[PDB]
$ cat coords-v7.pdb   # PDB, N, CA and C atoms
ATOM      1  N   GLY S   1     194.710  79.942 113.564
ATOM      2  CA  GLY S   1     193.970  80.738 112.605
ATOM      3  C   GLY S   1     192.499  80.868 112.948
ATOM      4  N   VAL S   2     191.982  82.094 112.922
ATOM      5  CA  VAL S   2     190.583  82.371 113.233
ATOM      6  C   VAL S   2     190.015  83.258 112.134
ATOM      7  N   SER S   3     188.858  82.872 111.599
ATOM      8  CA  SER S   3     188.182  83.623 110.550
ATOM      9  C   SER S   3     186.712  83.768 110.911
ATOM     10  N   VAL S   4     186.196  84.994 110.820
ATOM     11  CA  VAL S   4     184.806  85.278 111.148
ATOM     12  C   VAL S   4     184.304  86.367 110.211
ATOM     13  N   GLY S   5     183.018  86.290 109.865
ATOM     14  CA  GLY S   5     182.415  87.266 108.983
ATOM     15  C   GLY S   5     180.981  87.546 109.386
ATOM     16  N   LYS S   6     180.509  88.727 108.989
ATOM     17  CA  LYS S   6     179.161  89.173 109.309
ATOM     18  C   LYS S   6     178.592  89.958 108.137
ATOM     19  N   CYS S   7     177.317  89.722 107.838
ATOM     20  CA  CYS S   7     176.626  90.416 106.759
ATOM     21  C   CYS S   7     175.220  90.776 107.215
ATOM     22  N   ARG S   8     174.718  91.900 106.709
ATOM     23  CA  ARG S   8     173.397  92.387 107.080
ATOM     24  C   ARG S   8     172.840  93.235 105.946
ATOM     25  N   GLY S   9     171.547  93.095 105.694
ATOM     26  CA  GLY S   9     170.891  93.861 104.650
ATOM     27  C   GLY S   9     169.421  94.038 104.956
ATOM     28  N   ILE S  10     168.879  95.176 104.534
ATOM     29  CA  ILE S  10     167.476  95.502 104.777
ATOM     30  C   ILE S  10     166.966  96.346 103.617
ATOM     31  N   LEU S  11     165.701  96.133 103.255
ATOM     32  CA  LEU S  11     165.042  96.886 102.199
ATOM     33  C   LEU S  11     163.622  97.217 102.633
ATOM     34  N   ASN S  12     163.206  98.457 102.381
ATOM     35  CA  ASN S  12     161.870  98.916 102.740
ATOM     36  C   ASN S  12     161.290  99.702 101.576
ATOM     37  N   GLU S  13     160.028  99.428 101.248
ATOM     38  CA  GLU S  13     159.356 100.079 100.133
ATOM     39  C   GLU S  13     157.883 100.260 100.466
ATOM     40  N   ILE S  14     157.400 101.495 100.354
ATOM     41  CA  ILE S  14     156.010 101.836 100.633
ATOM     42  C   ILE S  14     155.501 102.724  99.507
ATOM     43  N   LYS S  15     154.309 102.417  98.999
ATOM     44  CA  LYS S  15     153.698 103.171  97.914
ATOM     45  C   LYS S  15     152.249 103.480  98.262
ATOM     46  N   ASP S  16     151.829 104.712  97.980
ATOM     47  CA  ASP S  16     150.471 105.153  98.258
ATOM     48  C   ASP S  16     149.987 106.032  97.114
ATOM     49  N   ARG S  17     148.740 105.820  96.700
ATOM     50  CA  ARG S  17     148.140 106.584  95.617
ATOM     51  C   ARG S  17     146.670 106.826  95.926
ATOM     52  N   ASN S  18     146.221 108.059  95.700
ATOM     53  CA  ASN S  18     144.846 108.450  95.973
ATOM     54  C   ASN S  18     144.319 109.282  94.814
ATOM     55  N   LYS S  19     143.078 109.008  94.416
ATOM     56  CA  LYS S  19     142.429 109.726  93.327
ATOM     57  C   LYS S  19     140.956 109.904  93.658
ATOM     58  N   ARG S  20     140.486 111.150  93.611
ATOM     59  CA  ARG S  20     139.093 111.466  93.897
ATOM     60  C   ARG S  20     138.602 112.498  92.894
ATOM     61  N   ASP S  21     137.445 112.229  92.290
ATOM     62  CA  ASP S  21     136.859 113.106  91.288
ATOM     63  C   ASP S  21     135.363 113.223  91.534
ATOM     64  N   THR S  22     134.826 114.427  91.350
ATOM     65  CA  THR S  22     133.407 114.665  91.561
ATOM     66  C   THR S  22     132.920 115.757  90.618
ATOM     67  N   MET S  23     131.722 115.561  90.071
ATOM     68  CA  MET S  23     131.098 116.559  89.211
ATOM     69  C   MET S  23     129.592 116.339  89.227
ATOM     70  N   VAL S  24     128.833 117.425  89.380
ATOM     71  CA  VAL S  24     127.377 117.374  89.338
ATOM     72  C   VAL S  24     126.877 118.574  88.548
ATOM     73  N   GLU S  25     125.642 118.463  88.062
ATOM     74  CA  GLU S  25     124.985 119.560  87.371
ATOM     75  C   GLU S  25     123.504 119.556  87.713
ATOM     76  N   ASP S  26     122.922 120.752  87.767
ATOM     77  CA  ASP S  26     121.527 120.935  88.131
ATOM     78  C   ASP S  26     120.854 121.860  87.127
ATOM     79  N   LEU S  27     119.530 121.746  87.043
ATOM     80  CA  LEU S  27     118.747 122.539  86.108
ATOM     81  C   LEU S  27     117.396 122.865  86.727
ATOM     82  N   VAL S  28     116.978 124.121  86.582
ATOM     83  CA  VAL S  28     115.688 124.597  87.070
ATOM     84  C   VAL S  28     115.037 125.422  85.970
ATOM     85  N   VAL S  29     113.798 125.084  85.629
ATOM     86  CA  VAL S  29     113.039 125.785  84.602
ATOM     87  C   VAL S  29     111.705 126.208  85.200
ATOM     88  N   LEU S  30     111.248 127.407  84.836
ATOM     89  CA  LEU S  30     109.956 127.927  85.287
ATOM     90  C   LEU S  30     109.350 128.705  84.125
ATOM     91  N   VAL S  31     108.367 128.101  83.459
ATOM     92  CA  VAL S  31     107.721 128.687  82.291
ATOM     93  C   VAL S  31     106.236 128.842  82.585
ATOM     94  N   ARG S  32     105.694 130.017  82.276
ATOM     95  CA  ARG S  32     104.280 130.314  82.473
ATOM     96  C   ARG S  32     103.719 130.888  81.181
ATOM     97  N   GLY S  33     102.681 130.251  80.648
ATOM     98  CA  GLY S  33     102.041 130.728  79.439
ATOM     99  C   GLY S  33     102.184 129.796  78.254
ATOM    100  N   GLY S  34     101.068 129.510  77.585
ATOM    101  CA  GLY S  34     101.063 128.651  76.417
ATOM    102  C   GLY S  34     101.608 127.257  76.655
ATOM    103  N   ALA S  35     100.901 126.452  77.449
ATOM    104  CA  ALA S  35     101.342 125.094  77.741
ATOM    105  C   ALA S  35     100.944 124.135  76.627
ATOM    106  N   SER S  36     101.278 124.486  75.390
ATOM    107  CA  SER S  36     100.974 123.687  74.218
ATOM    108  C   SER S  36     102.196 122.861  73.806
ATOM    109  N   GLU S  37     102.123 122.259  72.615
ATOM    110  CA  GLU S  37     103.164 121.336  72.170
ATOM    111  C   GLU S  37     104.517 122.025  72.027
ATOM    112  N   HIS S  38     104.524 123.294  71.607
ATOM    113  CA  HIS S  38     105.791 123.981  71.379
ATOM    114  C   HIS S  38     106.555 124.193  72.680
ATOM    115  N   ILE S  39     105.854 124.536  73.761
ATOM    116  CA  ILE S  39     106.551 124.742  75.027
ATOM    117  C   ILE S  39     107.017 123.411  75.602
ATOM    118  N   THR S  40     106.332 122.314  75.264
ATOM    119  CA  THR S  40     106.834 120.996  75.628
ATOM    120  C   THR S  40     108.100 120.671  74.846
ATOM    121  N   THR S  41     108.152 121.089  73.579
ATOM    122  CA  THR S  41     109.391 120.989  72.813
ATOM    123  C   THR S  41     110.504 121.790  73.476
ATOM    124  N   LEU S  42     110.182 122.994  73.953
ATOM    125  CA  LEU S  42     111.176 123.831  74.618
ATOM    126  C   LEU S  42     111.487 123.349  76.027
ATOM    127  N   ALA S  43     110.638 122.496  76.599
ATOM    128  CA  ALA S  43     110.856 121.920  77.924
ATOM    129  C   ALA S  43     111.948 120.863  77.940
ATOM    130  N   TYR S  44     112.673 120.711  76.834
ATOM    131  CA  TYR S  44     113.749 119.733  76.737
ATOM    132  C   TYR S  44     114.900 120.160  77.641
ATOM    133  N   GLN S  45     115.159 119.369  78.686
ATOM    134  CA  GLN S  45     116.137 119.763  79.696
ATOM    135  C   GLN S  45     117.566 119.739  79.161
ATOM    136  N   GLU S  46     117.865 118.862  78.202
ATOM    137  CA  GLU S  46     119.239 118.732  77.728
ATOM    138  C   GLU S  46     119.640 119.924  76.864
ATOM    139  N   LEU S  47     118.913 120.159  75.777
ATOM    140  CA  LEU S  47     119.220 121.293  74.919
ATOM    141  C   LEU S  47     118.799 122.594  75.599
ATOM    142  N   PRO S  48     119.601 123.657  75.483
ATOM    143  CA  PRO S  48     119.269 124.913  76.171
ATOM    144  C   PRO S  48     118.286 125.798  75.424
ATOM    145  N   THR S  49     118.077 125.575  74.129
ATOM    146  CA  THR S  49     117.201 126.423  73.329
ATOM    147  C   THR S  49     116.906 125.705  72.019
TER     148      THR S  49
ATOM    149  N   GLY A   1      92.334 126.959  75.298
ATOM    150  CA  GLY A   1      93.645 127.349  74.822
ATOM    151  C   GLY A   1      94.148 126.512  73.664
ATOM    152  N   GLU A   2      93.418 125.453  73.327
ATOM    153  CA  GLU A   2      93.827 124.572  72.251
ATOM    154  C   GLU A   2      93.168 124.889  70.925
ATOM    155  N   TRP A   3      92.792 126.149  70.726
ATOM    156  CA  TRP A   3      92.162 126.587  69.482
ATOM    157  C   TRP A   3      93.205 126.999  68.443
ATOM    158  N   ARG A   4      94.177 126.115  68.208
ATOM    159  CA  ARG A   4      95.176 126.363  67.173
ATOM    160  C   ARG A   4      95.625 125.080  66.476
ATOM    161  N   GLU A   5      94.815 124.022  66.509
ATOM    162  CA  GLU A   5      95.278 122.702  66.090
ATOM    163  C   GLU A   5      95.688 122.652  64.622
ATOM    164  N   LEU A   6      94.716 122.762  63.711
ATOM    165  CA  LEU A   6      94.980 122.716  62.276
ATOM    166  C   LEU A   6      93.696 122.898  61.476
ATOM    167  N   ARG A   7      93.814 123.428  60.255
ATOM    168  CA  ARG A   7      92.717 123.450  59.292
ATOM    169  C   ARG A   7      93.224 123.863  57.916
ATOM    170  N   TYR A   8      92.783 123.164  56.875
ATOM    171  CA  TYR A   8      93.204 123.433  55.508
ATOM    172  C   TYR A   8      91.984 123.618  54.615
ATOM    173  N   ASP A   9      92.174 124.358  53.524
ATOM    174  CA  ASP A   9      91.116 124.610  52.545
ATOM    175  C   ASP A   9      91.760 124.601  51.162
ATOM    176  N   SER A  10      91.561 123.508  50.421
ATOM    177  CA  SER A  10      92.188 123.375  49.111
ATOM    178  C   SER A  10      91.530 124.285  48.081
ATOM    179  N   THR A  11      90.196 124.368  48.096
ATOM    180  CA  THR A  11      89.490 125.153  47.087
ATOM    181  C   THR A  11      89.818 126.637  47.187
ATOM    182  N   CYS A  12      90.077 127.136  48.394
ATOM    183  CA  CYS A  12      90.385 128.543  48.604
ATOM    184  C   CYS A  12      91.869 128.803  48.826
ATOM    185  N   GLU A  13      92.689 127.755  48.907
ATOM    186  CA  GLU A  13      94.110 127.880  49.229
ATOM    187  C   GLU A  13      94.304 128.667  50.522
ATOM    188  N   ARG A  14      93.563 128.261  51.551
ATOM    189  CA  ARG A  14      93.531 128.954  52.831
ATOM    190  C   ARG A  14      94.048 128.029  53.923
ATOM    191  N   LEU A  15      95.003 128.521  54.708
ATOM    192  CA  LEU A  15      95.572 127.779  55.826
ATOM    193  C   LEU A  15      95.386 128.602  57.093
ATOM    194  N   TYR A  16      94.643 128.054  58.050
ATOM    195  CA  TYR A  16      94.340 128.763  59.286
ATOM    196  C   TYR A  16      93.950 127.741  60.343
ATOM    197  N   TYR A  17      93.710 128.236  61.555
ATOM    198  CA  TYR A  17      93.401 127.367  62.681
ATOM    199  C   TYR A  17      91.924 126.991  62.684
ATOM    200  N   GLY A  18      91.639 125.753  63.084
ATOM    201  CA  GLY A  18      90.281 125.241  63.076
ATOM    202  C   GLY A  18      89.323 126.029  63.946
ATOM    203  N   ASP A  19      88.405 126.759  63.309
ATOM    204  CA  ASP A  19      87.466 127.631  64.006
ATOM    205  C   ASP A  19      86.105 126.980  64.234
ATOM    206  N   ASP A  20      86.053 125.655  64.360
ATOM    207  CA  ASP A  20      84.772 124.982  64.553
ATOM    208  C   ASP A  20      84.329 125.023  66.012
ATOM    209  N   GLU A  21      85.130 124.450  66.906
ATOM    210  CA  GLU A  21      84.773 124.314  68.318
ATOM    211  C   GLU A  21      85.807 125.039  69.174
ATOM    212  N   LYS A  22      85.487 126.268  69.595
ATOM    213  CA  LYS A  22      86.277 126.986  70.598
ATOM    214  C   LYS A  22      85.312 127.499  71.673
ATOM    215  N   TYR A  23      84.965 126.608  72.601
ATOM    216  CA  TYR A  23      84.119 126.886  73.754
ATOM    217  C   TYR A  23      84.083 125.641  74.626
ATOM    218  N   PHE A  24      84.099 125.840  75.943
ATOM    219  CA  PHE A  24      84.003 124.748  76.904
ATOM    220  C   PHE A  24      82.916 125.083  77.910
ATOM    221  N   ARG A  25      81.909 124.219  78.003
ATOM    222  CA  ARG A  25      80.805 124.436  78.927
ATOM    223  C   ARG A  25      81.170 123.929  80.316
ATOM    224  N   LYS A  26      80.748 124.674  81.338
ATOM    225  CA  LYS A  26      81.071 124.345  82.718
ATOM    226  C   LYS A  26      79.838 123.809  83.426
ATOM    227  N   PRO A  27      79.879 122.586  83.953
ATOM    228  CA  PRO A  27      78.733 122.063  84.705
ATOM    229  C   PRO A  27      78.484 122.853  85.984
ATOM    230  N   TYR A  28      77.303 122.625  86.562
ATOM    231  CA  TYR A  28      76.916 123.331  87.782
ATOM    232  C   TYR A  28      77.836 122.982  88.947
ATOM    233  N   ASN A  29      78.289 121.730  89.018
ATOM    234  CA  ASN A  29      79.099 121.274  90.142
ATOM    235  C   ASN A  29      80.538 121.769  90.093
ATOM    236  N   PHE A  30      80.927 122.520  89.067
ATOM    237  CA  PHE A  30      82.294 123.002  88.916
ATOM    238  C   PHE A  30      82.324 124.513  89.100
ATOM    239  N   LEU A  31      83.250 124.988  89.934
ATOM    240  CA  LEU A  31      83.355 126.420  90.198
ATOM    241  C   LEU A  31      83.980 127.155  89.018
ATOM    242  N   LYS A  32      85.183 126.748  88.619
ATOM    243  CA  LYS A  32      85.885 127.387  87.515
ATOM    244  C   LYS A  32      86.920 126.415  86.967
ATOM    245  N   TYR A  33      87.153 126.492  85.657
ATOM    246  CA  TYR A  33      88.097 125.599  84.999
ATOM    247  C   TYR A  33      89.499 126.183  84.895
ATOM    248  N   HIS A  34      89.673 127.467  85.213
ATOM    249  CA  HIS A  34      90.977 128.105  85.405
ATOM    250  C   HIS A  34      91.954 127.771  84.274
ATOM    251  N   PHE A  35      91.597 128.213  83.069
ATOM    252  CA  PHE A  35      92.495 128.045  81.934
ATOM    253  C   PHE A  35      93.745 128.897  82.125
ATOM    254  N   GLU A  36      94.879 128.233  82.316
ATOM    255  CA  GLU A  36      96.169 128.885  82.501
ATOM    256  C   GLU A  36      97.239 127.991  81.888
ATOM    257  N   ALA A  37      98.502 128.294  82.184
ATOM    258  CA  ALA A  37      99.608 127.527  81.622
ATOM    259  C   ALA A  37     100.844 127.733  82.481
ATOM    260  N   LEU A  38     101.394 126.640  83.003
ATOM    261  CA  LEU A  38     102.622 126.669  83.783
ATOM    262  C   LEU A  38     103.471 125.464  83.412
ATOM    263  N   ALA A  39     104.787 125.623  83.527
ATOM    264  CA  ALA A  39     105.715 124.550  83.197
ATOM    265  C   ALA A  39     106.983 124.710  84.021
ATOM    266  N   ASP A  40     107.365 123.649  84.729
ATOM    267  CA  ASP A  40     108.593 123.628  85.519
ATOM    268  C   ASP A  40     109.267 122.278  85.321
ATOM    269  N   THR A  41     110.393 122.277  84.607
ATOM    270  CA  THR A  41     111.126 121.060  84.277
ATOM    271  C   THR A  41     112.505 121.130  84.919
ATOM    272  N   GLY A  42     112.804 120.173  85.795
ATOM    273  CA  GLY A  42     114.093 120.153  86.458
ATOM    274  C   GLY A  42     114.760 118.793  86.471
ATOM    275  N   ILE A  43     115.987 118.719  85.958
ATOM    276  CA  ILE A  43     116.757 117.482  85.916
ATOM    277  C   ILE A  43     117.866 117.559  86.954
ATOM    278  N   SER A  44     118.070 116.458  87.670
ATOM    279  CA  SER A  44     119.087 116.357  88.711
ATOM    280  C   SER A  44     120.139 115.344  88.284
ATOM    281  N   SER A  45     121.409 115.700  88.461
ATOM    282  CA  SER A  45     122.523 114.853  88.059
ATOM    283  C   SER A  45     123.561 114.816  89.168
ATOM    284  N   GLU A  46     124.041 113.617  89.481
ATOM    285  CA  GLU A  46     125.041 113.420  90.528
ATOM    286  C   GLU A  46     126.046 112.392  90.035
ATOM    287  N   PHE A  47     127.300 112.804  89.867
ATOM    288  CA  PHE A  47     128.379 111.898  89.486
ATOM    289  C   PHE A  47     129.505 112.032  90.504
ATOM    290  N   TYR A  48     129.741 110.968  91.266
ATOM    291  CA  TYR A  48     130.817 110.915  92.245
ATOM    292  C   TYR A  48     131.776 109.789  91.889
ATOM    293  N   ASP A  49     133.049 109.992  92.216
ATOM    294  CA  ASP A  49     134.087 109.003  91.960
ATOM    295  C   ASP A  49     135.057 109.000  93.129
ATOM    296  N   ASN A  50     135.379 107.806  93.624
ATOM    297  CA  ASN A  50     136.317 107.645  94.727
ATOM    298  C   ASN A  50     137.223 106.464  94.423
TER     299      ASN A  50
END

$ encode --input "coords-v7.pdb" --output "structure tokens"
Amino acid sequence: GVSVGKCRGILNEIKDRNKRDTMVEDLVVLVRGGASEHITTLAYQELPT
Amino acid sequence: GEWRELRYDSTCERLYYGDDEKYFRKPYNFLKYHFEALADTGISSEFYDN
């Protein structure tokens, strides 16, 4: 009597993830005339008006 | 250019700009005082993500 056996197994797993985000903003103002307190109030870069 | 600050008159109920001192004297050593008005305001923003 002769008995023989063979077994084999393999597992492969690869994972990849990429994330890229970009955002910019720019502002240019050019005001001529009446450089008093009110135009400094209007010189507020965040609010548009 | 700053002749608009403030002035009040209770007895006359009058509201107007202060008309006391509106003149600037120029010394001999100065060519010109060049009363003008300019304004340039620029904000820069950079947001990057990796």

$ residues_around --input "coords-v7.pdb" --residues "region 23-37 of chain S" --least-positions-apart "5" --cutoff "10 Å" --atoms "only C-alpha atoms" --output "mmCIF file with N, CA and C atoms, keeping the file's coordinate frame"
data_model
loop_
_atom_site.group_PDB
_atom_site.id
_atom_site.type_symbol
_atom_site.label_atom_id
_atom_site.label_comp_id
_atom_site.auth_asym_id
_atom_site.auth_seq_id
_atom_site.Cartn_x
_atom_site.Cartn_y
_atom_site.Cartn_z
ATOM 1 N N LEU S 42 110.182 122.994 73.953
ATOM 2 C CA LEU S 42 111.176 123.831 74.618
ATOM 3 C C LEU S 42 111.487 123.349 76.027
ATOM 4 N N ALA S 43 110.638 122.496 76.599
ATOM 5 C CA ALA S 43 110.856 121.920 77.924
ATOM 6 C C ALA S 43 111.948 120.863 77.940
ATOM 7 N N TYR S 44 112.673 120.711 76.834
ATOM 8 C CA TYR S 44 113.749 119.733 76.737
ATOM 9 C C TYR S 44 114.900 120.160 77.641
ATOM 10 N N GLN S 45 115.159 119.369 78.686
ATOM 11 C CA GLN S 45 116.137 119.763 79.696
ATOM 12 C C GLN S 45 117.566 119.739 79.161
ATOM 13 N N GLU S 46 117.865 118.862 78.202
ATOM 14 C CA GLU S 46 119.239 118.732 77.728
ATOM 15 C C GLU S 46 119.640 119.924 76.864
ATOM 16 N N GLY A 1 92.334 126.959 75.298
ATOM 17 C CA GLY A 1 93.645 127.349 74.822
ATOM 18 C C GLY A 1 94.148 126.512 73.664
ATOM 19 N N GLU A 2 93.418 125.453 73.327
ATOM 20 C CA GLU A 2 93.827 124.572 72.251
ATOM 21 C C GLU A 2 93.168 124.889 70.925
ATOM 22 N N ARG A 4 94.177 126.115 68.208
ATOM 23 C CA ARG A 4 95.176 126.363 67.173
ATOM 24 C C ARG A 4 95.625 125.080 66.476
ATOM 25 N N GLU A 5 94.815 124.022 66.509
ATOM 26 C CA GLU A 5 95.278 122.702 66.090
ATOM 27 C C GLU A 5 95.688 122.652 64.622
ATOM 28 N N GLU A 36 94.879 128.233 82.316
ATOM 29 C CA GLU A 36 96.169 128.885 82.501
ATOM 30 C C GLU A 36 97.239 127.991 81.888
ATOM 31 N N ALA A 37 98.502 128.294 82.184
ATOM 32 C CA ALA A 37 99.608 127.527 81.622
ATOM 33 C C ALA A 37 100.844 127.733 82.481
ATOM 34 N N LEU A 38 101.394 126.640 83.003
ATOM 35 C CA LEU A 38 102.622 126.669 83.783
ATOM 36 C C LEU A 38 103.471 125.464 83.412
ATOM 37 N N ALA A 39 104.787 125.623 83.527
ATOM 38 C CA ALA A 39 105.715 124.550 83.197
ATOM 39 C C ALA A 39 106.983 124.710 84.021
ATOM 40 N N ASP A 40 107.365 123.649 84.729
ATOM 41 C CA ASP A 40 108.593 123.628 85.519
ATOM 42 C C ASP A 40 109.267 122.278 85.321
ATOM 43 N N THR A 41 110.393 122.277 84.607
ATOM 44 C CA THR A 41 111.126 121.060 84.277
ATOM 45 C C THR A 41 112.505 121.130 84.919
ATOM 46 N N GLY A 42 112.804 120.173 85.795
ATOM 47 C CA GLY A 42 114.093 120.153 86.458
ATOM 48 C C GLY A 42 114.760 118.793 86.471
ATOM 49 N N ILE A 43 115.987 118.719 85.958
ATOM 50 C CA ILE A 43 116.757 117.482 85.916
ATOM 51 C C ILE A 43 117.866 117.559 86.954
ATOM 52 N N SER A 44 118.070 116.458 87.670
ATOM 53 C CA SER A 44 119.087 116.357 88.711
ATOM 54 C C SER A 44 120.139 115.344 88.284
ATOM 55 N N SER A 45 121.409 115.700 88.461
ATOM 56 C CA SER A 45 122.523 114.853 88.059
ATOM 57 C C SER A 45 123.561 114.816 89.168
ATOM 58 N N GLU A 46 124.041 113.617 89.481
ATOM 59 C CA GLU A 46 125.041 113.420 90.528
ATOM 60 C C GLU A 46 126.046 112.392 90.035
ATOM 61 N N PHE A 47 127.300 112.804 89.867
ATOM 62 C CA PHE A 47 128.379 111.898 89.486
ATOM 63 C C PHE A 47 129.505 112.032 90.504
ATOM 64 N N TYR A 48 129.741 110.968 91.266
ATOM 65 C CA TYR A 48 130.817 110.915 92.245
ATOM 66 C C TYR A 48 131.776 109.789 91.889
ATOM 67 N N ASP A 49 133.049 109.992 92.216
ATOM 68 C CA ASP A 49 134.087 109.003 91.960
ATOM 69 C C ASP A 49 135.057 109.000 93.129
#

$ resolve_selection --input "coords-v7.pdb" --expression "the PyMOL selection byres ((chain A and resi 19-25) around 7)" --output "list in words"
residues 3, 6, 7, 16, 17, 18, 26 and 27 of chain A

$ atom_distance --input "coords-v7.pdb" --atom1 "CA of residue 15 (chain A)" --atom2 "CA of residue 38 (chain S)"
19.0 Å

$ select_by_dssp --input "coords-v7.pdb" --residues "chain A" --states "strand (DSSP E)" --output "ChimeraX atom specification"
/A:8-9,14-15,38-39,44-49

$ closest_residue --input "coords-v7.pdb" --among "A:8, A:50, A:14, A:35" --to "chain S" --atoms "only C-alpha atoms"
A:50

$ closest_residue --input "coords-v7.pdb" --among "S:2, S:15, S:20, S:9" --to "chain A" --atoms "all atoms listed in the file"
S:20

$ decode --input "coords-v7.pdb" --residues "region 28-40 of chain A" --atoms "N, CA, C and O atoms" --output "short mmCIF file (atom, residue, chain, number, x, y, z; two decimals), in the first residue's frame"
data_model
loop_
_atom_site.label_atom_id
_atom_site.label_comp_id
_atom_site.auth_asym_id
_atom_site.auth_seq_id
_atom_site.Cartn_x
_atom_site.Cartn_y
_atom_site.Cartn_z
N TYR A 28 10.05 126.24 2.34
CA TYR A 28 10.89 126.54 1.19
C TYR A 28 11.60 125.28 0.67
O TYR A 28 11.79 125.12 -0.54
N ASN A 29 11.99 124.39 1.58
CA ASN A 29 12.75 123.20 1.20
C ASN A 29 11.90 122.13 0.53
O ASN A 29 12.45 121.09 0.15
N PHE A 30 10.60 122.34 0.38
CA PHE A 30 9.71 121.35 -0.21
C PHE A 30 9.21 121.85 -1.56
O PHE A 30 8.75 122.99 -1.67
N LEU A 31 9.29 120.99 -2.57
CA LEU A 31 8.86 121.37 -3.91
C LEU A 31 7.34 121.40 -4.02
O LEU A 31 6.75 122.43 -4.38
N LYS A 32 6.69 120.28 -3.71
CA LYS A 32 5.24 120.19 -3.78
C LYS A 32 4.77 119.05 -2.90
O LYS A 32 5.47 118.04 -2.75
N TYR A 33 3.59 119.21 -2.31
CA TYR A 33 3.04 118.21 -1.41
C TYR A 33 2.12 117.21 -2.11
O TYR A 33 1.73 116.22 -1.49
N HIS A 34 1.77 117.46 -3.37
CA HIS A 34 1.11 116.50 -4.26
C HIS A 34 -0.07 115.80 -3.58
O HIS A 34 -0.07 114.59 -3.36
N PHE A 35 -1.07 116.60 -3.23
CA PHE A 35 -2.29 116.03 -2.67
C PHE A 35 -3.02 115.20 -3.72
O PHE A 35 -3.54 115.73 -4.70
N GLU A 36 -3.06 113.89 -3.49
CA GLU A 36 -3.72 112.94 -4.38
C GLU A 36 -4.28 111.81 -3.53
O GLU A 36 -4.35 111.91 -2.30
N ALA A 37 -4.70 110.73 -4.19
CA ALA A 37 -5.29 109.60 -3.48
C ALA A 37 -5.20 108.36 -4.35
O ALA A 37 -5.72 108.35 -5.47
N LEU A 38 -4.55 107.32 -3.83
CA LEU A 38 -4.45 106.04 -4.51
C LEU A 38 -4.59 104.93 -3.49
O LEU A 38 -4.25 105.09 -2.32
N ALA A 39 -5.12 103.79 -3.94
CA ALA A 39 -5.32 102.64 -3.07
C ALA A 39 -5.25 101.36 -3.89
O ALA A 39 -5.97 101.22 -4.88
N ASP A 40 -4.39 100.44 -3.46
CA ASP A 40 -4.26 99.13 -4.11
C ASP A 40 -4.13 98.07 -3.02
O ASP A 40 -3.11 98.00 -2.34
#
